[PDB]
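Peer 1: The structure that follows is given in the form of structure tokens.
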Amino acid sequence: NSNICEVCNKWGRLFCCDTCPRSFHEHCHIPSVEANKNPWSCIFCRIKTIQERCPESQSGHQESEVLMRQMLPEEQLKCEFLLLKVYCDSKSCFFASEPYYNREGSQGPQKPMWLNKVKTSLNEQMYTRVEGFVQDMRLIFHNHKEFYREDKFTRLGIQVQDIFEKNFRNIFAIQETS
Ligand SMILES: [Zn+2]
Ligand SMILES: [Zn+2]
Ligand SMILES: [Zn+2]
């Protein structure tokens, strides 16, 4: 197995996947690495299994249909994986913890949002449909772009949103378009 965490790229107390060479810190994996379970398969392996059991799940889908799906176990897992893919980018640090807003010429957002809040919300089964999760994720980046205005720091929001959106289209097999 790898000797660094797949998500944060650091060593430490790592848990190894039994079905692939990836490794994880306990709370870097989503959901948090399960207590017992031998063997244990990581979320990458669990996602690959869903795909393998239902090859047709990779055919193109409309975003509108995906968003309305209820958060049954497979859609729960897909949103956990998508959140984990955003944490995999180092730029996610800017959006992880609770933000605060005190900049001359800007006002903070009406509804602040951050990754760890979305993580807790998933863990607590607070989303009933994929749409709830996707709306909170997109709100993170929208708040950032609106608050930072013309500061070049707005680009970090565009960058991490692009990681989100690419992974959303991949994981949920959104129909390819120009
Ligand atoms: Zn880690
Ligand atoms: Zn694995
Ligand atoms: Zn089938």
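Chain labels run A, B, ... following the order of the structure tokens; each chain numbers its residues from 1, and ligands are numbered from 1 in the order shown.
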Enumerate residues in contact with ligand 2: an atom-to-atom distance of at most 7 Å, counting only C-alpha atoms and all ligand atoms. Format the result as a PDB file with C-alpha atoms, in the first residue's frame.
Peer 2:
```
ATOM      1  CA  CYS A  17      -7.425  -0.468   1.710  1.00  0.00           C
ATOM      2  CA  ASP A  18      -7.575  -4.260   1.240  1.00  0.00           C
ATOM      3  CA  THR A  19      -8.661  -4.127  -2.387  1.00  0.00           C
ATOM      4  CA  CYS A  20      -6.433  -1.347  -3.748  1.00  0.00           C
ATOM      5  CA  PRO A  21      -3.078   0.200  -2.684  1.00  0.00           C
ATOM      6  CA  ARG A  22      -4.568   3.411  -1.239  1.00  0.00           C
ATOM      7  CA  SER A  41     -12.500  -1.531   1.131  1.00  0.00           C
ATOM      8  CA  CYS A  42     -12.108   2.267   0.684  1.00  0.00           C
ATOM      9  CA  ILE A  43     -14.660   4.534  -1.007  1.00  0.00           C
ATOM     10  CA  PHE A  44     -12.790   4.356  -4.374  1.00  0.00           C
ATOM     11  CA  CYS A  45     -13.254   0.560  -4.338  1.00  0.00           C
TER      12      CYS A  45
END
```
Peer 1: Determine, counting only C-alpha atoms, which protein, DNA and RNA residues have an atom within 9 Å of an atom of segment 103-118 of chain A; residues of the same chain fewer than 4 positions away are not included. Present the result as a list in words.
Peer 2: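 Residues meeting the cut-off are residues 83, 86, 87, 92, 95, 96, 97, 98, 99, 122, 123, 133, 136, 137, 139, 140, 141, 143, 144, 146, 147, 148 and 149 of chain A.
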Peer 1: Got time to write the residues from that selection, N, CA, C and O atoms, as a PDB file, in the first residue's frame?
Peer 2:
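What follows is the written file selection.pdb:
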```
ATOM      1  N   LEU A  83     -17.480  14.700  -2.370  1.00  0.00           N
ATOM      2  CA  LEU A  83     -16.885  15.589  -1.317  1.00  0.00           C
ATOM      3  C   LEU A  83     -15.447  15.232  -1.059  1.00  0.00           C
ATOM      4  O   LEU A  83     -14.552  16.150  -0.987  1.00  0.00           O
ATOM      5  N   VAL A  86     -13.078  16.661  -3.608  1.00  0.00           N
ATOM      6  CA  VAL A  86     -12.754  18.072  -3.440  1.00  0.00           C
ATOM      7  C   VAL A  86     -11.692  18.241  -2.348  1.00  0.00           C
ATOM      8  O   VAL A  86     -10.717  19.023  -2.540  1.00  0.00           O
ATOM      9  N   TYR A  87     -11.835  17.550  -1.237  1.00  0.00           N
ATOM     10  CA  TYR A  87     -10.764  17.545  -0.227  1.00  0.00           C
ATOM     11  C   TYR A  87      -9.429  17.097  -0.730  1.00  0.00           C
ATOM     12  O   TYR A  87      -8.406  17.564  -0.151  1.00  0.00           O
ATOM     13  N   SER A  92      -8.618  23.050  -1.337  1.00  0.00           N
ATOM     14  CA  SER A  92      -9.740  22.922  -0.452  1.00  0.00           C
ATOM     15  C   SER A  92      -9.578  23.454   0.944  1.00  0.00           C
ATOM     16  O   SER A  92     -10.523  23.817   1.600  1.00  0.00           O
ATOM     17  N   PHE A  95     -11.673  26.507   1.913  1.00  0.00           N
ATOM     18  CA  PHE A  95     -13.106  26.326   1.963  1.00  0.00           C
ATOM     19  C   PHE A  95     -13.495  25.283   3.034  1.00  0.00           C
ATOM     20  O   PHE A  95     -14.673  25.024   3.190  1.00  0.00           O
ATOM     21  N   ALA A  96     -12.571  24.717   3.798  1.00  0.00           N
ATOM     22  CA  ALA A  96     -12.874  23.691   4.737  1.00  0.00           C
ATOM     23  C   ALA A  96     -13.589  24.112   5.968  1.00  0.00           C
ATOM     24  O   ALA A  96     -14.585  23.515   6.427  1.00  0.00           O
ATOM     25  N   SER A  97     -13.032  25.135   6.636  1.00  0.00           N
ATOM     26  CA  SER A  97     -13.555  25.536   7.913  1.00  0.00           C
ATOM     27  C   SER A  97     -14.404  26.787   7.765  1.00  0.00           C
ATOM     28  O   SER A  97     -14.537  27.394   6.713  1.00  0.00           O
ATOM     29  N   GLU A  98     -15.079  27.190   8.871  1.00  0.00           N
ATOM     30  CA  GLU A  98     -16.090  28.239   8.840  1.00  0.00           C
ATOM     31  C   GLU A  98     -15.436  29.600   8.517  1.00  0.00           C
ATOM     32  O   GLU A  98     -14.477  29.996   9.249  1.00  0.00           O
ATOM     33  N   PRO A  99     -15.871  30.268   7.475  1.00  0.00           N
ATOM     34  CA  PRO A  99     -15.300  31.530   7.040  1.00  0.00           C
ATOM     35  C   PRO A  99     -15.847  32.704   7.876  1.00  0.00           C
ATOM     36  O   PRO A  99     -16.825  32.581   8.632  1.00  0.00           O
ATOM     37  N   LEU A 122     -23.763  15.574   5.651  1.00  0.00           N
ATOM     38  CA  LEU A 122     -23.829  14.157   5.110  1.00  0.00           C
ATOM     39  C   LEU A 122     -23.805  13.096   6.171  1.00  0.00           C
ATOM     40  O   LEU A 122     -24.542  12.083   6.143  1.00  0.00           O
ATOM     41  N   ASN A 123     -22.961  13.252   7.163  1.00  0.00           N
ATOM     42  CA  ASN A 123     -22.830  12.265   8.241  1.00  0.00           C
ATOM     43  C   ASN A 123     -24.128  12.160   9.030  1.00  0.00           C
ATOM     44  O   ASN A 123     -24.468  11.049   9.516  1.00  0.00           O
ATOM     45  N   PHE A 133     -27.267  18.459  -1.468  1.00  0.00           N
ATOM     46  CA  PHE A 133     -25.805  18.386  -1.339  1.00  0.00           C
ATOM     47  C   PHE A 133     -25.143  19.297  -2.407  1.00  0.00           C
ATOM     48  O   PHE A 133     -24.247  20.102  -2.157  1.00  0.00           O
ATOM     49  N   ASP A 136     -25.527  23.037  -1.721  1.00  0.00           N
ATOM     50  CA  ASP A 136     -24.596  23.557  -0.645  1.00  0.00           C
ATOM     51  C   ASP A 136     -23.192  23.624  -1.209  1.00  0.00           C
ATOM     52  O   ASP A 136     -22.456  24.605  -0.956  1.00  0.00           O
ATOM     53  N   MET A 137     -22.713  22.627  -1.964  1.00  0.00           N
ATOM     54  CA  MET A 137     -21.367  22.678  -2.547  1.00  0.00           C
ATOM     55  C   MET A 137     -21.216  23.855  -3.464  1.00  0.00           C
ATOM     56  O   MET A 137     -20.209  24.599  -3.385  1.00  0.00           O
ATOM     57  N   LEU A 139     -22.804  26.614  -3.463  1.00  0.00           N
ATOM     58  CA  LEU A 139     -22.942  27.850  -2.680  1.00  0.00           C
ATOM     59  C   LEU A 139     -21.603  28.277  -2.075  1.00  0.00           C
ATOM     60  O   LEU A 139     -21.306  29.509  -1.986  1.00  0.00           O
ATOM     61  N   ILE A 140     -20.796  27.295  -1.703  1.00  0.00           N
ATOM     62  CA  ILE A 140     -19.455  27.601  -1.205  1.00  0.00           C
ATOM     63  C   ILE A 140     -18.744  28.485  -2.172  1.00  0.00           C
ATOM     64  O   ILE A 140     -18.144  29.528  -1.810  1.00  0.00           O
ATOM     65  N   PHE A 141     -18.705  28.064  -3.425  1.00  0.00           N
ATOM     66  CA  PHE A 141     -17.906  28.805  -4.422  1.00  0.00           C
ATOM     67  C   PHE A 141     -18.592  30.085  -4.859  1.00  0.00           C
ATOM     68  O   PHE A 141     -17.881  31.094  -5.138  1.00  0.00           O
ATOM     69  N   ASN A 143     -20.476  32.014  -3.008  1.00  0.00           N
ATOM     70  CA  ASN A 143     -20.273  33.015  -1.914  1.00  0.00           C
ATOM     71  C   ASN A 143     -18.904  33.626  -2.067  1.00  0.00           C
ATOM     72  O   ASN A 143     -18.752  34.867  -1.901  1.00  0.00           O
ATOM     73  N   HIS A 144     -17.926  32.817  -2.354  1.00  0.00           N
ATOM     74  CA  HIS A 144     -16.533  33.269  -2.443  1.00  0.00           C
ATOM     75  C   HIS A 144     -16.344  34.237  -3.591  1.00  0.00           C
ATOM     76  O   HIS A 144     -15.767  35.315  -3.443  1.00  0.00           O
ATOM     77  N   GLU A 146     -18.643  36.047  -5.103  1.00  0.00           N
ATOM     78  CA  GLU A 146     -19.331  37.302  -4.790  1.00  0.00           C
ATOM     79  C   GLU A 146     -18.616  38.207  -3.763  1.00  0.00           C
ATOM     80  O   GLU A 146     -18.650  39.436  -3.868  1.00  0.00           O
ATOM     81  N   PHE A 147     -17.973  37.606  -2.802  1.00  0.00           N
ATOM     82  CA  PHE A 147     -17.372  38.387  -1.660  1.00  0.00           C
ATOM     83  C   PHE A 147     -16.041  39.006  -2.130  1.00  0.00           C
ATOM     84  O   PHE A 147     -15.729  40.206  -1.810  1.00  0.00           O
ATOM     85  N   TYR A 148     -15.233  38.236  -2.847  1.00  0.00           N
ATOM     86  CA  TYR A 148     -13.907  38.685  -3.272  1.00  0.00           C
ATOM     87  C   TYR A 148     -13.924  39.540  -4.529  1.00  0.00           C
ATOM     88  O   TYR A 148     -12.973  40.291  -4.747  1.00  0.00           O
ATOM     89  N   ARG A 149     -15.021  39.603  -5.245  1.00  0.00           N
ATOM     90  CA  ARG A 149     -15.246  40.674  -6.248  1.00  0.00           C
ATOM     91  C   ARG A 149     -14.094  40.630  -7.254  1.00  0.00           C
ATOM     92  O   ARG A 149     -13.960  39.644  -7.926  1.00  0.00           O
TER      93      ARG A 149
END
```
Peer 1: Skip segment 46-61 of chain A itself and residues of its chain fewer than 3 positions away, then list as a ChimeraX atom specification all residues within 10 Å of it, counting only C-alpha atoms.
Peer 2: /A:19,40-43,64-66,74,77-78,81,169-177
Peer 1: Find, counting only C-alpha atoms and all ligand atoms, the residue in A:125, A:38, A:23, A:70 that gets nearest to ligand 1.
Peer 2: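 Among the listed residues, A:23 lies closest to ligand 1.
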Peer 1: Counting only C-alpha atoms and all ligand atoms, which of A:9, A:120, A:36, A:154 gets nearest to ligand 1?
Peer 2: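 Residue with the minimum atom-to-atom distance to ligand 1: A:9.
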Peer 1: List every residue of segment 3-176 of chain A that DSSP, applied to the backbone of this structure, assigns to strand (DSSP E), and report them as a PDB file with C-alpha atoms, in the first residue's frame.
Peer 2:
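Final output, saved to selection.pdb:
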```
ATOM      1  CA  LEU A  14      -2.826   5.377   8.051  1.00  0.00           C
ATOM      2  CA  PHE A  15      -5.483   2.733   7.332  1.00  0.00           C
ATOM      3  CA  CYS A  16      -4.860   0.643   4.274  1.00  0.00           C
ATOM      4  CA  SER A  23      -4.213   4.535   2.290  1.00  0.00           C
ATOM      5  CA  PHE A  24      -6.039   7.020   4.572  1.00  0.00           C
ATOM      6  CA  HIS A  25      -6.031   8.982   7.716  1.00  0.00           C
TER       7      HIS A  25
END
```
Peer 1: Can you pull out every residue with an atom within 9 Å of ligand 1? Use only C-alpha atoms and all ligand atoms and format it as JSON, numbers by chain.
Peer 2: {"A": [4, 5, 6, 7, 8, 9, 10, 11, 12, 13, 14, 23, 24, 25, 26, 27, 28, 29, 88]}
Peer 1: Take atom CA of residue 76 of chain A and atom CA of residue 130 of chain A and report the distance between them in Å, one decimal.
Peer 2: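 Taking atom CA of residue 76 of chain A as the start and atom CA of residue 130 of chain A as the end point, the length is 8.0 Å.
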Peer 1: Give the answer as one residue: which of A:138, A:69, A:37, A:119 has the shortest atom-to-atom distance to residue 162 of chain A, using only C-alpha atoms?
Peer 2: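 Among the listed residues, A:138 lies closest to residue 162 of chain A.
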Peer 1: Tell me, in Å to one decimal, how far atom CA of residue 128 of chain A is from atom CA of residue 62 of chain A.
Peer 2: 19.1 Å
Peer 1: From a DSSP calculation on the backbone, collect every residue of segment 14-178 of chain A in alpha helix (DSSP H) and output the set as JSON, numbers by chain.
Peer 2: {"A": [43, 44, 45, 46, 47, 48, 49, 50, 51, 52, 53, 63, 64, 65, 66, 67, 73, 74, 75, 76, 77, 78, 79, 80, 81, 82, 83, 84, 85, 86, 87, 93, 94, 95, 96, 115, 116, 117, 118, 119, 120, 121, 122, 123, 130, 131, 132, 133, 134, 135, 136, 137, 138, 139, 140, 141, 142, 143, 144, 145, 146, 147, 148, 154, 155, 156, 157, 158, 159, 160, 161, 162, 163, 164, 165, 166, 167, 168, 169, 170, 171]}
Peer 1: Return the single residue from A:126, A:134, A:93, A:68 that is closest to residue 165 of chain A, with distances computed using only C-alpha atoms.
Peer 2: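 The answer is A:134, which sits nearest to residue 165 of chain A.
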Peer 1: Between atom CA of residue 153 of chain A and atom CA of residue 63 of chain A, what distance in Å does the model show, to one decimal?
Peer 2: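 Separating atom CA of residue 153 of chain A from atom CA of residue 63 of chain A is a distance of 29.1 Å.
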Peer 1: Which is closer to residue 158 of chain A than all the others in A:31, A:142, A:135, A:73, using only C-alpha atoms?
Peer 2: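 Smallest distance to residue 158 of chain A is found for A:142.
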Peer 1: Identify which of the residues A:82, A:94, A:129, A:124 lies closest to residue 168 of chain A, counting only C-alpha atoms when measuring atom-to-atom distances.
Peer 2: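 Among the listed residues, the smallest separation from residue 168 of chain A belongs to A:82.
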